[PDB]
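Asks: Before we start, here is the structure in question, set down as structure tokens.
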Amino acid sequence: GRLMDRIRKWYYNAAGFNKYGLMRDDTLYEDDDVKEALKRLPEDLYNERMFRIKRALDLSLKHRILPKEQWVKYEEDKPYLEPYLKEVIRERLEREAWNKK
Amino acid sequence: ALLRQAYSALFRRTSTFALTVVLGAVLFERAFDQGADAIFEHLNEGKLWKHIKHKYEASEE
Amino acid sequence: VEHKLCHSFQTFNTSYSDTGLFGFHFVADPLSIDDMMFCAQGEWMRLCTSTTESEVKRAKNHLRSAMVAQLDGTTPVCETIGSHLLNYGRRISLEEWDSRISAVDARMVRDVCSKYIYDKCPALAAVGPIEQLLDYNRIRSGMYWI
Amino acid sequence: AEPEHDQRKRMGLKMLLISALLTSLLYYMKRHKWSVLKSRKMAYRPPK
Amino acid sequence: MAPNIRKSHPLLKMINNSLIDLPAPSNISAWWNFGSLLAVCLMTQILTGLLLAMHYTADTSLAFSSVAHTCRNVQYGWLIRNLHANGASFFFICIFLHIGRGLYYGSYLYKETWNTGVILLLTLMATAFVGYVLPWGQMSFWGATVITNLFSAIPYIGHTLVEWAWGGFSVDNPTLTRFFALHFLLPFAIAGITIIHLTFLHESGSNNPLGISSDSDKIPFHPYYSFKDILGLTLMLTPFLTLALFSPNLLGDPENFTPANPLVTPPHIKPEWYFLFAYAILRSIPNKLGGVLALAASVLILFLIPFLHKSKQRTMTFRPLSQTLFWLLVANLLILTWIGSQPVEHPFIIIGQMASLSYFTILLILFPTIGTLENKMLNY
Ligand code: HEM
Ligand code: HEM
Ligand SMILES: CO/C=C(/C(=O)OC)c1ccccc1COc1nc2ccc(C)cc2nc1C(F)(F)F
Ligand SMILES: CCCCCCCCO[C@@H]1O[C@H](CO)[C@@H](O)[C@H](O)[C@H]1O
């Protein structure tokens, strides 16, 4: 059935970052893989992300949020960084395994 | 228009602003203290030495 | 020049019928914006508080040569007439201007600049890689104390 | 056990008034400075 | 050379690069106000401590009275004494929120800043511990006796370290004079290490409530945070002073208005509020050594938090499950606190063992687990 889907969309809404207009990926802690992943982003996706973040920080400082209409919707959240991040990790593991044996 | 006058005479030059803060403090102290003690004592009528003092201050033995 | 603060800078006194803009504009590398702004606002405060008779003597001579240079050719003299009538409702000669200019002294410059600059809330426009220039509040505090 | 009793309370009173007065003034000041950021507006204008 | 003497001067450059032009996130909340308060508090404790130390006498026959003399005879000695003892409390209230904030917003990812933070906590705890002995009242003596006696539960090196630390066979004058010296000393080490704390911090810069790069929106520490911090100060200071001047003995144990007596054990030996939670965990494990270890770990556990972070997000702002777990933990601590002030009797004994058990469970098991679970609910 649709259990996992109901849970996921539930959590997504419970989390609330969409209220700041943030995309799930905009909320990733910038560890090393994410740092690299971001460097691989196309200029436009990078600048869009940048504005979204600066926008959230300004809301956060103001102690306000976006008008309900503008909240990112679960099914419209573009996972723009995940493809890159998964590759950066794919490469790192290869190197890691190769430097052992 | 005091705000205007005050701004031109007191708050404009940093030099007069500081000078204002000093005399402001001097005056404020004198006033805040009197008012404070006055409130405190009034709240405690007849309990302080100041009050019952007359009973033994040259009025005994 | 000493600290390589900018590629260029200019002051301007853009007048209008009932209002105007008195300021300055500079172009500089991303990493020297702060110091330039700092030194610039500095010079503005120097204007309101310590201008010397030496500085004015020269300023007047520079301004005289400047007004005369605006009358070098027929087109520029025509422009002056067109604007003078339109803005001052008549023409103001070099002989009159010069009189006005000669009247200016240190004392006067200080008082006039203090009147329009000191402790005022400026208007700011910044374009480009401006990260190093920041906070209106900080710019605002630059508007007081020599 | 505590001879300062009275003075201690007379002070507490002054401490309160000044405390109220100062906390107030500093609250305005803080708000006044932050107003620049609190009201700030921004837009994203790509060459799109 | 540099145009403004704030950038070039080897000293004004320092005051500047850490308190005036220092880039701070535009959105740090009031929970970021505690670092400065902790600092101001520290400078304050030192000042009032020196003032008191100038009228104190480190000797078992004069300690209790020298403090009484200070309150009774020294101009404003009572006030200085009040501020010092209550300042220690303020200090801890501030430090606990400082830590809390850090746990909630994942600041511990700044490992060196975090590990030095832990060392500051321990140093502060030892400092208050020795400082508490100085007035030499009943709780001062028995607290000293009971606690320092736990070390003899260590293997072999135990029974020694104790009589070495005491300078004799029981807590006596030699112990007192060496405690005054340590109490006078440790605060400076705290100041020292605090400098290291802020140095590591400045490498990265402050974290912020959303846990995302604030590089796109940094603001000068001054006037934004200088004004915000000063306001935060006055806000806290009002209750501190209110409680101090209107209810001086609210927090203190009355057993300490009675000169230490080695031949009379007080009915209920308990620490100041800020140590209660740890006392509870200490008493939870009956067996001198295991209780010591449990106490040790109750604080040393902080060195592990950085390693039990499994979330892909830095803060808990967007993690509802972790949030409640977090507040469960906080409430878990009020309970241990409460238990710490209650005698060792049913139902307290069992409630106590539970609260302890839950405390370590939440930090070592649940937190890392729920984080993993949460990553899957985001489809990560
Ligand atoms: C002597 C006591 C302490 C002092 C003087 C102190 C001071 C500071 C100061 C001034 C800040 C910066 C402003 C702020 O975020 O509050 C800071 C940040 C920080 N401190 Fe402390 N601190 C103390 C103890 C500790 C403790 C016990 C911990 C945790 C075990 C700690 C962890 C941190 C961390 C992780 C930050 C990063 C804050 C962030 O940006 O998220 N500090 N501290
Ligand atoms: C981190 C800072 C400090 C803390 C946490 C602190 C804490 C304490 C505590 C809890 C007490 C017992 C208070 C009571 O009577 O109940 C105390 C007392 C005392 N402290 Fe400190 N102290 C600090 C710094 C200092 C310093 C720097 C000195 C010395 C220059 C000092 C000198 C004293 C003295 C003389 C007493 C004994 C008199 C009294 O009991 O009030 N303290 N301190
Ligand atoms: C000299 O003793 C001073 C005590 C005190 O409360 O100081 C403020 C005191 C008084 C009565 C009973 C116990 C204590 C000290 O307690 C502690 N004191 C501690 C001192 C340092 C550290 C790292 C942990 C401590 N833990 C505790 C615990 F409460 F858990 F027993
Ligand atoms: C938040 C800071 C509050 C500071 C309040 C200062 C008021 C203390 O004022 C005190 O009052 C006593 C009683 O009249 C006098 O005896 C003392 O000399 C005087 O210093």
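We number each residue from 1, going along the chain as drawn.
Header says: X-ray crystallography, 2.7 Å.
Keep in mind that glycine also has a Cβ here, set from the backbone N, Cα and C atoms.
Sharing the feature lines straight out of Swiss-Prot:
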type	residues	note
BINDING	E:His84, E:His183	heme b b562 binding site
BINDING	E:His98, E:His197	heme b b566 binding site
BINDING	E:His202	ubiquinone binding site
TRANSMEM	E:34-54	transmembrane segment
TRANSMEM	E:78-99	transmembrane segment
TRANSMEM	E:114-134	transmembrane segment
TRANSMEM	E:179-199	transmembrane segment
TRANSMEM	E:227-247	transmembrane segment
TRANSMEM	E:289-309	transmembrane segment
TRANSMEM	E:321-341	transmembrane segment
TRANSMEM	E:348-368	transmembrane segment
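Looking at the shown structure, can you explain where the listed features end up?
Replies: If you take the C-beta of E:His84 (heme b b562 binding site) and look for same-chain residues 6 or more apart in sequence within under 8 angstroms, you find E:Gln45, E:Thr48, E:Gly49, E:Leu52.
In the structure as shown, the Cβ atom of E:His98 (heme b b566 binding site) sits within 10 Å of 20 other Cβ atoms.
Note: E:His202 (ubiquinone binding site) has non-local neighbours E:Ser18, E:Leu22, i.e. same-chain residues 6+ apart with C-beta under 8 A of its own C-beta.
Here the transmembrane segment (E:34-54) has Cβ contacts under 8 Å with residues 67, 70, 77, 80-81, 83-84, 87-88, 90-91, 94-95, 97-98, 101, 131, 180, 183-184, 187-188, 190-191, 194, 229, 232-233, 236 of the same chain, all six or more residues outside its ends.
Proximity of distant same-chain residues to the transmembrane segment (E:114-134), defined by a Cβ-Cβ separation under 8 Å and at least 6 residues beyond the stretch ends, is recorded for 49, 56, 58, 63, 67, 88, 91-92, 95, 98-99, 102, 107-108, 140-141, 143-144, 147, 175-176, 179-180, 182-183, 186-187, 189-190, 193-194, 196-197, 200, 272, 274-275, 299-300, 302-303, 305-306.
Within the same chain, residues 99, 103, 106, 108-109, 111, 114-115, 118, 121-122, 125, 150-151, 153-154, 277-278, 281-283, 356, 359-360, 363-364, 367-368, 371 sit at least 6 positions outside the transmembrane segment (E:289-309) and bring their C-beta atoms closer than 8 Å to a C-beta of that stretch.
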Asks: Mind checking which residues of the chain, 6+ beyond the ends of the transmembrane segment (E:348-368), have their Cβ under 8 Å from one of its Cβ atoms?
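Replies: For the transmembrane segment (E:348-368), the sequence-distant neighbours (Cβ-Cβ under 8 Å, at least 6 residues beyond its ends) are 280-281, 283-285, 294, 297-298, 301, 304-305, 308-310, 322, 325, 328-329, 332-333, 335-336, 339, 342.
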Asks: Filter the candidate list E:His98, E:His183, E:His202 of binding-site residues, keeping only entries whose CB is under 6 Å from an atom of ligand 1.
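Replies: Cβ < 6 Å from ligand 1, in sequence order: E:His98.
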Asks: Six or more residues beyond either end and a Cβ under 8 Å away: which residues meet both conditions relative to the transmembrane segment (E:227-247)?
Replies: 30, 33, 36-37, 40, 82-83, 86-87, 90, 94
Asks: Taking only the binding-site residues E:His98, E:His197, E:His202, which have a CB closer than 6 angstroms to any atom that belongs to ligand 2?
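Replies: With ligand 2 as the reference and 6 Å as the Cβ limit, the list is empty: none.
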Asks: Pop the Cα-Cα gap between E:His183 (heme b b562 binding site) and E:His98 (heme b b566 binding site) into the table, whole Å please.
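Replies: Cα-Cα distance, E:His98 (heme b b566 binding site) to E:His183 (heme b b562 binding site): 23 Å.
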Asks: Including all protein chains displayed, how many Cβ atoms other than that of E:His183 (heme b b562 binding site) lie within 10 Å of its Cβ?
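Replies: Result for E:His183 (heme b b562 binding site): 21 neighbouring Cβ atoms inside 10 Å.
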